[PDB]
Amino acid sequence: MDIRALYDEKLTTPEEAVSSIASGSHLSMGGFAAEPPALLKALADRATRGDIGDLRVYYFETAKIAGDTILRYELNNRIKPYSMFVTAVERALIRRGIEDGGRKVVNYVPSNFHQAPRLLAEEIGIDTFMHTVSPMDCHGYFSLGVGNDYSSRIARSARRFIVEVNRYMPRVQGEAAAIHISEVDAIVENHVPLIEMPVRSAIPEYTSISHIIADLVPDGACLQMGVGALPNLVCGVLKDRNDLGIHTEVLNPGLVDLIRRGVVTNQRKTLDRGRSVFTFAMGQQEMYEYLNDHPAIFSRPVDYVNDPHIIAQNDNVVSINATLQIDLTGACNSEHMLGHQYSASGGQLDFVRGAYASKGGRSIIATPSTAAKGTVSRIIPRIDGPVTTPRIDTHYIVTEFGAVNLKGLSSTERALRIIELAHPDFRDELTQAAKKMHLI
């Protein structure tokens, strides 16, 4: 009844809020802009004072917030990063580790993102969860804002849930996105602007790639755009379409632009008809402001959003994901390069599967054919590293040189067609490699 009393009972300082987290326990937190900076600074301070140890932190899509606080190299003996999505922050720590006498200082947890709630709650176990939230309303509810992902699950399965109120966090509607005061164990307040995703510049290959993708996007398509420079930028070629839908893992500025233009109506979707579905959002200040109180954008947990069976219920799904390497069988490595983990599988394989199962659906893995100012081919004979998308799941591949649909093709047909999507400079090498491997 008296929510203002409950609020005041639970309101405290960051120092006090983090002071009873146990050593030897498991902590998790929201992704990117949902990482709570005051709480994380106070947690890092505990580690600096030698007052906590053996604390595993399980998390994804790192921001400067955590990079500057609990993930500082000097604390890694006490706060152990268990990243589910490697970023520049972790890649820096890794390099520093190897410089520091070949030390290993970051842990990586492979996963399908649709399984992340189950992994965190049941396989791993999370004792404490921390997340930035929008302010409590007059009915006693906060919102997870840009986050839903696994947060909406782990906030409830965790034994303690600590929130950081920030009036800059948009109030977002969604499944389990609203948090009642009775579900929170402690509150701190810290009003600061959200962290922004950097804007990536286009490269010339995107003109051809975007035109090939545009021809593959049917009427009434239901869009998902993966993380990376390319998907967010490519979907701008769809500004002339109508009645598109959104069912995506990440909501990015490119998709929101299509909403703002009136391209996306969601009227052809079977599930969530009339609303754009996402599990978490990353962008700049303009996007975050636009999400606040939006009645046609609706977050849902990742065990719903990334479930292939759910994705498939909408007709004409179009999934556009990026990769680093494609081999001559159509297997893709989207997460590992130059000897180290670079990112993660994430929800890539979730959406490759879901999109093919959608009636009229298409999964696209798209990439420039080369890297390193044209000196390296992204089409290679054989992946030396982990496979993100196995050859039996890959549907379409697109480069600036065209498209191939791998489903039902023999190994010979796959290799010959993939070779013709490589840059001309590499096709003879690849053909000879295919012969040696007996693909052709």
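Position 1 is the first residue in the sequence shown; the rest follow in order.
query: Mean C-alpha B-factor higher for 333 to 341, or for 260 to 268?
result: Looking at the record's C-alpha B-factors, the answer is 333 to 341.
- request: Could you settle it for me: does 199 to 207 or 81 to 89 have the higher average Cα B factor in the PDB entry?
  value: Looking at the record's C-alpha B-factors, the answer is 199 to 207.
- prompt: Among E175, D137, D307, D185, which residue carries the highest C-alpha B-factor recorded in the PDB entry?
  reply: In the PDB entry, the greatest C-alpha B-factor among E175, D137, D307, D185 is found at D137.
field: C-alpha B-factor winner, where the candidates are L349, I365, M130, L291
entry: Among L349, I365, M130, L291, the PDB entry lists the largest C-alpha B-factor for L291.
- request: Please rank the C-alpha B-factors of the chain's modelled residues and tell me whether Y356 sits in the lowest, middle or highest third.
  value: It falls in the bottom third of the chain.
task: For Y73, return the chain-relative third of its C-alpha B-factor as stated in the PDB record: lowest, middle or highest.
output: Highest third.
task: Within this chain's modelled residues, let me know which third the CA B factor of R378 belongs to: lowest, middle or highest.
output: Ranked within chain, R378 CA B lands in the highest tercile.
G274 - Cα temperature factor, lowest/middle/highest third of chain: Answer is middle: the recorded C-alpha B-factor places it there.
task: Rank-wise, by C-alpha B-factor, drop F60 into the lowest, middle or highest third of its chain.
output: For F60, the deposited C-alpha B-factor lands in the highest third.
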